[PDB]
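Chemist: Sharing a structure below in structure tokens format, with a few things to ask.
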Amino acid sequence: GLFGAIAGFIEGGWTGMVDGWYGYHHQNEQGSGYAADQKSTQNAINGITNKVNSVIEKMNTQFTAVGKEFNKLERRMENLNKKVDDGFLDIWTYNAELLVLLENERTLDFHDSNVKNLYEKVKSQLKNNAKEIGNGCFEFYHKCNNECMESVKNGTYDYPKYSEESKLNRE
Amino acid sequence: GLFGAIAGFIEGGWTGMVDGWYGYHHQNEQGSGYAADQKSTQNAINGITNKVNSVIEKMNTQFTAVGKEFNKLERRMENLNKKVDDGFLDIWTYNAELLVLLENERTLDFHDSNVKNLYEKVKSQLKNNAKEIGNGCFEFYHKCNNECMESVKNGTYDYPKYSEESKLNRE
Amino acid sequence: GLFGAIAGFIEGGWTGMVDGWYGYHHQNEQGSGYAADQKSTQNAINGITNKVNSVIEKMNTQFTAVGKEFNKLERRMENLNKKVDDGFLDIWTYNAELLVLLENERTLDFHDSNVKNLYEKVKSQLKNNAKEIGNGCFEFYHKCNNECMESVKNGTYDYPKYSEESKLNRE
Amino acid sequence: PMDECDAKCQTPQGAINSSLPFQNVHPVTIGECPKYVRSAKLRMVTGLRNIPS
Amino acid sequence: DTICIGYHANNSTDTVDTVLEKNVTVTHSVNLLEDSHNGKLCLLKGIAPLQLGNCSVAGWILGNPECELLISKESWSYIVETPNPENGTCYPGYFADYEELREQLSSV
Ligand SMILES: *[C@@H]1O[C@H](CO)[C@@H](O)[C@H](O)[C@H]1NC(C)=O
Ligand SMILES: *[C@@H]1O[C@H](CO)[C@@H](O)[C@H](O)[C@H]1NC(C)=O
Ligand SMILES: *[C@@H]1O[C@H](CO)[C@@H](O)[C@H](O)[C@H]1NC(C)=O
């Protein structure tokens with residue numbers, strides 16, 4: 001995509017994360033593991049579900065239509081009937097394939113932005129209390145226990161609270 | 001949108017701003033208020049106006065077309081005439097609705113980027129002379145009078161000029 | 001575009017760069033010049049080439065189709081034949097023009113992001129060993145010879161190696 | 001052949017039991033049918049790019 | 001202590017096309033195109049078709065002697081005709097407006 005998160009700053013996805021699309025991984029003295037960001041994932045799902053259903057639901061049902069018999073002196077009309085069917089088939093095939101390709105590209109950019117935005121949310125929370133490393137990770141300069149990890153994920157990190165410790169650990 | 005400004009870093013819009021779409025709000029010892037960014041707003045308007053007019057102007061006028069009478073032994077032709085009209089109606093309805101939905105989504109991303117870019121323009125001007133706070137605001141570390149506020153808005157902020165004052169105020 | 005690189009942070013392009021689309025310019029004691037980023041350029045080319053070919057290749061060949069003769073008592077059928085041709089022409093003209101306009105806009109955003117991402121790649125490599133200046137340039141705080149310039153371009157810059165020198169040069 | 005079955009869409013090649021917007025089975029149909037296209041596949045992505053690491 | 005941001009991955013081989021890339025493996029996808037059928041002639045919402053067997057529409061509607069099995073067939077959902085019916089106008093002649101009659105009977 002155009003935001004550069006998927007197989008970009010993030011080396012690749014997590015096969016160990018099973019409760020969502022976007023999320024976090026953590027490690028501290030009390031344990032480690034993966035957890036999904038339910039708010040980000042559900043919003044991504046609702047957007048995509050509406051997009052898929054829009055493409056399908058806006059299409060009308062194909063109503064009964066069959067070919068027509070023509071006699072041997074009605075070739076001009078038979079050829080007109082065929083022209084109409086071929087023209088409609090060509091229009092719908094071109095549009096169906098091109099629409100899907102255009103929308104698949106946009107879906108992947110949608111996802112690329114959503115994970116990048118999650119990354120920035122944390123960067124803005126942590127400020128100088130952690131450093132950026134590759135693979136989309138923030139390495140803390142202070143002890144961050146399980147209560148801290150939940151606080152960072154929820155967007156409630158009390159930045160100044162940990163600033164004295166990080167200033168010392170940063171040397 | 002995918003840039004995250006609208007009801008994102010910016011809590012919501014300003015009902016007190018009436019001279020444009022994008023803009024600034026300020027407060028200092030000499031006063032406070034709202035003012036639009038006329039360059040950003042006008043470019044956004046021109047882009048959108050061209051988009052709307054393109055959708056309308058590229059459409060051809062519907063020229064006179066009426067149904068046709070057929071006699072009782074011309075049902076195959078009556079049904080062909082109907083098939084042609086229903087097919088064209090189905091194609092244009094699907095395309096008209098889907099086009100509008102796709103373009104409305106893009107318009108909102110257009111706007112989301114334009115306000116985010118305005119935010120970054122100021123961040124790059126202020127550097128270390130102000131801090132980022134929530135709601136898309138920069139809190140200055142030095143006195144910034146009305147001449148300063150105009151300078152920041154115009155992209156002419158003389159950064160080093162205020163650096164000694166901000167270094168002291170930053171502690 | 002919506003990323004703001006083209007005639008944005010970059011004042012304009014380089015007529016002196018001839019080996020690609022995206023790239024670098026450098027100056028140090030051993031020389032100066034332009035060089036393209038072959039990985040970025042080739043990926044941009046492959047993406048665009050696939051897009052152009054998709055628009056063309058998904059179109060079917062126009063197969064022989066000519067008008068039809070009708071006699072003077074077949075005006076209703078002549079008018080139906082014409083209606084079918086005019087309807088198909090109107091659909092394909094509208095779609096062809098609108099598709100090209102929509103895709104040209106997306107191509108320019110594609111390119112705007114690709115150069116911006118290249119800019120960020122370097123910013124992340126250099127960290128505190130260089131400062132951002134206008135026109136998309138990084139001014140180094142340490143001597144950066146030709147081996148250094150290749151290292152930065154390749155994404156292999158050994159940041160801490162130059163940190164003592166830059167700390168002193170930064171005052 | 002005719003058999004003891006029911007469908008909302010029937011083509012000359014056999015009945016269709018599906019809710020998708022398009023089909024590539026046959027252009028001539030009776031009932032409430034998916035629209036006929038010449039496409040081999042129309043697959044849309046809903047998930048993420050599947051690149052683990 | 002570390003916090004990392006990433007995204008989901010799995011064992012999926014679902015592959016989609018885009019305008020910039022031609023074979024993209026994704027974790028989840030939706031098929032918008034139906035390519036199967038059951039090979040059978042079914043009832044439509046409970047109503048069986050009229051099977052003409054070896055009879056053409058002309059054979060049926062005129063009472064061809066070999067189409068006797070189609071006499072009691074008072075109602076149907078659609079009409080099914082074999083590709084090359086053999087029992088039609090048993091006494092040869094021109095059937096006027098035949099195609100037009102078929103178009104109108106098909107709606108009955
Ligand atoms: C993925 O693994 C699960 C078992 O954990 C299995 O049921 C599923 O079929 C596998 N999917 C693919 C695409 O191989
Ligand atoms: C994409 O995959 C299909 C098999 O599903 C293969 O036939 C085709 O050549 C591949 N193509 C490209 C253009 O990468
Ligand atoms: C229809 O044709 C087949 C093949 O010649 C024959 O076996 C069958 O008896 C004919 N039909 C009827 C309805 O009697």
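Residues are referred to by chain and number: the chain letter is A, B, ... according to the order shown in the structure tokens, the number counts from 1 in that chain, and ligands are numbered separately from 1 in the order shown.
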Running DSSP on the backbone, which parts of chain E land in strand (DSSP E or B), as a ChimeraX atom specification?

Modeler: /E:2-8,15-16,24-26,29-31,33-34,41-44,47,50-51,55,79-80,87

Chemist: Put those residues in a file: N, CA and C atoms, as a PDB file, in the first residue's frame.

Modeler:
```pdb
ATOM      1  N   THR E   2       9.015  -4.140  26.122  1.00  0.00           N
ATOM      2  CA  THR E   2       8.631  -3.726  24.750  1.00  0.00           C
ATOM      3  C   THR E   2       7.138  -3.835  24.442  1.00  0.00           C
ATOM      4  N   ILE E   3       6.626  -2.858  23.688  1.00  0.00           N
ATOM      5  CA  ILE E   3       5.275  -2.969  23.119  1.00  0.00           C
ATOM      6  C   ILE E   3       5.471  -2.860  21.596  1.00  0.00           C
ATOM      7  N   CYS E   4       4.880  -3.783  20.807  1.00  0.00           N
ATOM      8  CA  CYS E   4       4.975  -3.849  19.346  1.00  0.00           C
ATOM      9  C   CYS E   4       3.610  -3.764  18.695  1.00  0.00           C
ATOM     10  N   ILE E   5       3.566  -3.109  17.546  1.00  0.00           N
ATOM     11  CA  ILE E   5       2.352  -3.004  16.763  1.00  0.00           C
ATOM     12  C   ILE E   5       2.465  -3.723  15.460  1.00  0.00           C
ATOM     13  N   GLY E   6       1.482  -4.556  15.219  1.00  0.00           N
ATOM     14  CA  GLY E   6       1.470  -5.379  14.039  1.00  0.00           C
ATOM     15  C   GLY E   6       0.074  -5.748  13.628  1.00  0.00           C
ATOM     16  N   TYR E   7       0.002  -6.755  12.793  1.00  0.00           N
ATOM     17  CA  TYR E   7      -1.244  -7.194  12.229  1.00  0.00           C
ATOM     18  C   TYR E   7      -1.240  -8.696  12.064  1.00  0.00           C
ATOM     19  N   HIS E   8      -2.424  -9.247  11.925  1.00  0.00           N
ATOM     20  CA  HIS E   8      -2.743 -10.660  11.751  1.00  0.00           C
ATOM     21  C   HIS E   8      -2.222 -11.341  10.487  1.00  0.00           C
ATOM     22  N   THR E  15      -6.218 -15.871  -3.050  1.00  0.00           N
ATOM     23  CA  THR E  15      -5.453 -14.907  -3.812  1.00  0.00           C
ATOM     24  C   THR E  15      -6.341 -13.974  -4.599  1.00  0.00           C
ATOM     25  N   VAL E  16      -6.020 -12.685  -4.543  1.00  0.00           N
ATOM     26  CA  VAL E  16      -6.770 -11.677  -5.274  1.00  0.00           C
ATOM     27  C   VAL E  16      -5.885 -10.880  -6.210  1.00  0.00           C
ATOM     28  N   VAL E  24      -1.904 -11.537  -5.174  1.00  0.00           N
ATOM     29  CA  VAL E  24      -1.805 -11.081  -3.793  1.00  0.00           C
ATOM     30  C   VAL E  24      -2.459 -12.061  -2.834  1.00  0.00           C
ATOM     31  N   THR E  25      -1.679 -12.685  -1.957  1.00  0.00           N
ATOM     32  CA  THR E  25      -2.263 -13.647  -1.027  1.00  0.00           C
ATOM     33  C   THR E  25      -2.870 -12.849   0.112  1.00  0.00           C
ATOM     34  N   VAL E  26      -4.103 -13.155   0.495  1.00  0.00           N
ATOM     35  CA  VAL E  26      -4.781 -12.434   1.561  1.00  0.00           C
ATOM     36  C   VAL E  26      -5.301 -13.379   2.636  1.00  0.00           C
ATOM     37  N   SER E  29     -11.109 -13.502   2.102  1.00  0.00           N
ATOM     38  CA  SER E  29     -11.664 -12.987   0.857  1.00  0.00           C
ATOM     39  C   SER E  29     -13.100 -13.427   0.659  1.00  0.00           C
ATOM     40  N   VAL E  30     -13.787 -12.733  -0.239  1.00  0.00           N
ATOM     41  CA  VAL E  30     -15.152 -13.044  -0.613  1.00  0.00           C
ATOM     42  C   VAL E  30     -15.271 -13.303  -2.116  1.00  0.00           C
ATOM     43  N   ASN E  31     -15.920 -14.396  -2.455  1.00  0.00           N
ATOM     44  CA  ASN E  31     -16.134 -14.771  -3.841  1.00  0.00           C
ATOM     45  C   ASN E  31     -17.396 -14.123  -4.345  1.00  0.00           C
ATOM     46  N   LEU E  33     -18.418 -14.329  -7.592  1.00  0.00           N
ATOM     47  CA  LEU E  33     -18.853 -15.000  -8.817  1.00  0.00           C
ATOM     48  C   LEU E  33     -19.190 -16.465  -8.602  1.00  0.00           C
ATOM     49  N   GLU E  34     -20.391 -16.849  -9.007  1.00  0.00           N
ATOM     50  CA  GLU E  34     -20.883 -18.215  -8.911  1.00  0.00           C
ATOM     51  C   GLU E  34     -20.626 -19.037 -10.167  1.00  0.00           C
ATOM     52  N   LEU E  41     -32.952 -30.065 -13.664  1.00  0.00           N
ATOM     53  CA  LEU E  41     -34.093 -29.189 -13.833  1.00  0.00           C
ATOM     54  C   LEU E  41     -34.935 -29.296 -12.555  1.00  0.00           C
ATOM     55  N   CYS E  42     -35.104 -28.151 -11.873  1.00  0.00           N
ATOM     56  CA  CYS E  42     -35.771 -28.001 -10.584  1.00  0.00           C
ATOM     57  C   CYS E  42     -37.077 -27.229 -10.701  1.00  0.00           C
ATOM     58  N   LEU E  43     -37.871 -27.327  -9.651  1.00  0.00           N
ATOM     59  CA  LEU E  43     -39.124 -26.614  -9.536  1.00  0.00           C
ATOM     60  C   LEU E  43     -38.775 -25.186  -9.194  1.00  0.00           C
ATOM     61  N   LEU E  44     -39.591 -24.235  -9.605  1.00  0.00           N
ATOM     62  CA  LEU E  44     -39.323 -22.865  -9.197  1.00  0.00           C
ATOM     63  C   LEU E  44     -40.322 -22.456  -8.152  1.00  0.00           C
ATOM     64  N   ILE E  47     -43.224 -24.850  -8.133  1.00  0.00           N
ATOM     65  CA  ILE E  47     -43.960 -25.205  -9.345  1.00  0.00           C
ATOM     66  C   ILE E  47     -43.078 -25.866 -10.404  1.00  0.00           C
ATOM     67  N   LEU E  50     -43.050 -27.574 -17.496  1.00  0.00           N
ATOM     68  CA  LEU E  50     -43.723 -28.395 -18.475  1.00  0.00           C
ATOM     69  C   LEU E  50     -42.673 -29.073 -19.295  1.00  0.00           C
ATOM     70  N   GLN E  51     -42.642 -30.379 -19.254  1.00  0.00           N
ATOM     71  CA  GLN E  51     -41.631 -31.070 -20.006  1.00  0.00           C
ATOM     72  C   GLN E  51     -42.261 -31.528 -21.276  1.00  0.00           C
ATOM     73  N   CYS E  55     -41.509 -33.509 -28.094  1.00  0.00           N
ATOM     74  CA  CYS E  55     -42.439 -32.626 -28.787  1.00  0.00           C
ATOM     75  C   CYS E  55     -41.914 -31.200 -28.879  1.00  0.00           C
ATOM     76  N   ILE E  79     -41.137 -23.752 -19.609  1.00  0.00           N
ATOM     77  CA  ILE E  79     -41.245 -24.819 -20.593  1.00  0.00           C
ATOM     78  C   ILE E  79     -39.890 -25.359 -20.977  1.00  0.00           C
ATOM     79  N   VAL E  80     -39.752 -26.672 -20.925  1.00  0.00           N
ATOM     80  CA  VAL E  80     -38.508 -27.314 -21.287  1.00  0.00           C
ATOM     81  C   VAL E  80     -38.658 -28.119 -22.559  1.00  0.00           C
ATOM     82  N   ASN E  87     -41.349 -34.526 -32.829  1.00  0.00           N
ATOM     83  CA  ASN E  87     -42.802 -34.532 -32.990  1.00  0.00           C
ATOM     84  C   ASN E  87     -43.341 -33.096 -32.998  1.00  0.00           C
TER      85      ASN E  87
END
```

Chemist: Output the contact residues of chain E with respect to chain C at a cut-off of 7 Å, based on only C-alpha atoms, as an NGL selection string.

Modeler: :E and (19-21)

Chemist: May I ask you to extract the residues of chain B within 12 Å of chain D, using only C-alpha atoms, and to give them as a list in words?

Modeler: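 Result, ordered by chain then number: residues 87, 90 and 91 of chain B.
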
Chemist: For ligand 3, which residue out of E:32, E:67, E:108, E:57 is the nearest one, using only C-alpha atoms and all ligand atoms?

Modeler: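 Going through E:32, E:67, E:108, E:57 one by one, the smallest distance to ligand 3 is for E:67.
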
Chemist: Define the interface residues of chain B facing chain A as those within 10 Å, counting only C-alpha atoms, and report them as a VMD selection string.

Modeler: chain B and resid 1 to 4 9 76 to 77 79 to 81 83 to 84 87 to 88 90 to 91 93 to 95 97 to 98 101 to 102 132 to 134

Chemist: Can I get the selected residues back with N, CA, C and O atoms, as a compact mmCIF listing (two decimals), in the first residue's frame?

Modeler:
```txt
# COMPACT_ATOMS: atom_id res chain seq x y z
N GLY B 1 -11.67 9.31 7.54
CA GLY B 1 -10.75 9.13 6.45
C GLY B 1 -9.52 8.34 6.92
O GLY B 1 -9.44 7.95 8.09
N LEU B 2 -8.55 8.15 6.00
CA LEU B 2 -7.29 7.40 6.25
C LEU B 2 -6.10 8.23 6.71
O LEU B 2 -5.01 7.67 6.88
N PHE B 3 -6.27 9.54 6.92
CA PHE B 3 -5.17 10.36 7.39
C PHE B 3 -5.33 10.59 8.92
O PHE B 3 -4.34 10.77 9.64
N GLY B 4 -6.58 10.48 9.41
CA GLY B 4 -6.89 10.57 10.85
C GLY B 4 -7.01 11.95 11.50
O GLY B 4 -6.68 12.11 12.69
N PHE B 9 -7.14 13.59 15.44
CA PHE B 9 -6.32 14.48 16.27
C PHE B 9 -7.08 15.78 16.55
O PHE B 9 -6.87 16.39 17.59
N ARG B 76 -42.28 -10.16 -29.94
CA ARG B 76 -40.85 -10.38 -29.81
C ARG B 76 -40.09 -9.07 -29.92
O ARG B 76 -39.07 -8.89 -29.25
N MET B 77 -40.57 -8.14 -30.75
CA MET B 77 -39.87 -6.88 -30.91
C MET B 77 -40.15 -5.97 -29.76
O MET B 77 -39.28 -5.19 -29.36
N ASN B 79 -40.60 -6.95 -26.73
CA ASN B 79 -39.78 -7.45 -25.66
C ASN B 79 -38.32 -7.09 -25.88
O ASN B 79 -37.60 -6.87 -24.90
N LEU B 80 -37.86 -7.01 -27.13
CA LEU B 80 -36.49 -6.59 -27.38
C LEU B 80 -36.34 -5.13 -27.04
O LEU B 80 -35.34 -4.73 -26.45
N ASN B 81 -37.32 -4.31 -27.41
CA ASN B 81 -37.26 -2.89 -27.11
C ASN B 81 -37.17 -2.70 -25.61
O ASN B 81 -36.35 -1.92 -25.12
N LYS B 83 -36.10 -4.90 -23.38
CA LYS B 83 -34.82 -5.40 -22.88
C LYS B 83 -33.74 -4.35 -23.01
O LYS B 83 -32.92 -4.20 -22.11
N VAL B 84 -33.74 -3.62 -24.12
CA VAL B 84 -32.75 -2.60 -24.33
C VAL B 84 -32.91 -1.50 -23.29
O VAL B 84 -31.93 -1.10 -22.67
N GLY B 87 -31.90 -2.79 -19.75
CA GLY B 87 -30.48 -2.99 -19.65
C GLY B 87 -29.77 -1.66 -19.48
O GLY B 87 -28.90 -1.54 -18.62
N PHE B 88 -30.15 -0.65 -20.24
CA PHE B 88 -29.50 0.63 -20.11
C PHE B 88 -29.81 1.25 -18.76
O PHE B 88 -28.93 1.84 -18.14
N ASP B 90 -30.41 -0.32 -15.93
CA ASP B 90 -29.66 -1.05 -14.92
C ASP B 90 -28.19 -0.64 -14.93
O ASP B 90 -27.60 -0.42 -13.87
N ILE B 91 -27.62 -0.43 -16.11
CA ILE B 91 -26.23 -0.02 -16.18
C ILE B 91 -26.04 1.36 -15.62
O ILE B 91 -25.11 1.59 -14.86
N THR B 93 -28.02 3.06 -13.54
CA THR B 93 -28.34 3.19 -12.13
C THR B 93 -27.17 2.66 -11.32
O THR B 93 -26.72 3.33 -10.39
N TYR B 94 -26.64 1.49 -11.69
CA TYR B 94 -25.55 0.90 -10.93
C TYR B 94 -24.36 1.82 -10.95
O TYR B 94 -23.75 2.08 -9.91
N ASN B 95 -24.02 2.33 -12.13
CA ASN B 95 -22.87 3.18 -12.21
C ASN B 95 -23.06 4.49 -11.50
O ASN B 95 -22.14 4.97 -10.84
N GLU B 97 -24.92 5.20 -8.86
CA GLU B 97 -24.88 5.10 -7.42
C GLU B 97 -23.52 4.73 -6.93
O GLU B 97 -23.04 5.30 -5.95
N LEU B 98 -22.87 3.82 -7.62
CA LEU B 98 -21.58 3.38 -7.16
C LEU B 98 -20.56 4.49 -7.33
O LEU B 98 -19.71 4.66 -6.46
N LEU B 101 -20.89 6.91 -4.47
CA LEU B 101 -20.36 6.42 -3.21
C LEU B 101 -18.84 6.41 -3.18
O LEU B 101 -18.22 6.82 -2.19
N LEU B 102 -18.23 6.03 -4.28
CA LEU B 102 -16.78 5.97 -4.33
C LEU B 102 -16.18 7.36 -4.24
O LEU B 102 -15.23 7.57 -3.48
N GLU B 132 3.38 19.83 21.14
CA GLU B 132 2.11 19.30 20.68
C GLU B 132 1.26 18.88 21.86
O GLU B 132 1.73 18.18 22.76
N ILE B 133 0.01 19.27 21.81
CA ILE B 133 -0.98 18.91 22.79
C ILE B 133 -2.13 18.30 21.99
O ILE B 133 -2.04 18.24 20.76
N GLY B 134 -3.16 17.77 22.65
CA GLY B 134 -4.24 17.16 21.88
C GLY B 134 -5.09 18.22 21.20
O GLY B 134 -4.85 19.42 21.36
```
